[PDB]
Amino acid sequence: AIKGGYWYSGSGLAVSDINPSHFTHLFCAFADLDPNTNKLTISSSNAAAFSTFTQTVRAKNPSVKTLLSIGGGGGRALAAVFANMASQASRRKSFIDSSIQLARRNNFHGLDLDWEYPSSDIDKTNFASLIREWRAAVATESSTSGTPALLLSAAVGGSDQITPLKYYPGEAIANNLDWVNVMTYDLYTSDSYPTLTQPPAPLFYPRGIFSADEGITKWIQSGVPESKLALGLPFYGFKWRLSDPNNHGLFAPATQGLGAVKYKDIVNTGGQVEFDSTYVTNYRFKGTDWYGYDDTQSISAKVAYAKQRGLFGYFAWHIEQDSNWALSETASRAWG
C-alpha cells in the first residue's frame, strides 16, 4: 500500500524532475517548526517549490499522494524544540492548527512528523498527547469543512541502536497515525564503526543485537500493527578505507571511515559489487575504497521482506540519491 519517497528540498532535484510513477506517496521535506510561535513554517527558499509540489507531481502521476514533512534530523537542538512544543497543550495547539492550515493552503494531502527523537518517558506521554490532539484536529477540520481528511504519519527511530524505542507510545501511534515510516537505516555507520567494514542498514545482524528486523519486531511488540509500518530504505551508504585491498568483505579491517555517499555516486565507482544474503546488504570495492549500501539486490530483498511480513509498504530516503530511478524502479517492481 505505500511505495513512499522523500524529496529533500535541499537536494538539488527540482520537483518537475521527480518521476512520481514509481511511488504512491511523496514526502516534501521539510517544513520548519518555529521555536517562538510553535507554528509550522515554510522558509522563503522553499515556498515556491512547496506551494506547487503537489500540482507538479500529479501532472505526471495523478493518483500520487503528497505529504508535508516537518522537522528533519536537525540534531539535539531541533529535538529540544519539538520536546518543548509537545510539553504544553497550547503549544501543541499552535503547531496542530498551523500544520493543518499550511497543508491545506499548499495543497498537501497529509502531514508527516519527524521529531528525532522523543528521549524520555515524558516525551513519550507528550508524543501520545500531540498525536491524539492532531488526529482530533484533523477529524474536526475535515468534518467541519467537508474537505477530505488529511493523512497523518510520523518518521520514527528504526532500532534501539538509533534511539530507545521505549520512548515511543506504540498504542497511541496505532490509534492516531495512519502509518509510521520506520527509519531502519544508519545502524552501523562508518563514523561510529571506523575500524571494521559494516552493513550500515542490515536486515539481520547475527553478530550483534540491532537490525532492521529487530526494529520492526520491536515496533510490532510495542503495539503498532504491521499494516501501519513502512520499512525504510536508504538510497545512500557509507564508505571505509580498507587496510588491505585484498581483504574486502564485510567486517574487514579498515583504517578509517570515509563518510556517507549517495547511491548514484557509489555506482559511479564501478569496481566489484557483492551481495551478502545473511545480513541482506550490498557492498562495493575498488582498491582500498569500500562501500556498504543498498543496491538493487538488497532493495529487492528488503521489499520482499516487507511484503511477506504484511507491512504497509516501504519508503526511500531520499529520492535524489537514486540513479535514473534504478532503486525506485526496483522497489516498485519488487512490491508488484
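One rule holds for the numbers: they count along the sequence shown, beginning at 1.
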query: Given 256-264 and 132-140, the range whose Cα B-factors average higher in the PDB entry; finding: 132-140
query: Per the entry, higher mean C-alpha B factor between 177-185 and 104-112; finding: 104-112
query: From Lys228, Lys239, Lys93, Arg207, residue of greatest CA B-factor; finding: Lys93
query: Selection from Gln55, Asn282, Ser300, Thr66 [criterion: highest C-alpha temperature factor in the record]; finding: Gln55
query: Ranked C-alpha temperature factor of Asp213 among modelled chain residues, by third; finding: lowest
query: Record-listed C-alpha B factor of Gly72: chain third; finding: highest
query: Lowest, middle or highest third - CA B-factor, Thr269; finding: middle
query: Modelled-residue ranking by C-alpha temperature factor, third containing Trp290; finding: lowest
query: Cα B factor band for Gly146 (lowest, middle or highest third within the chain); finding: highest
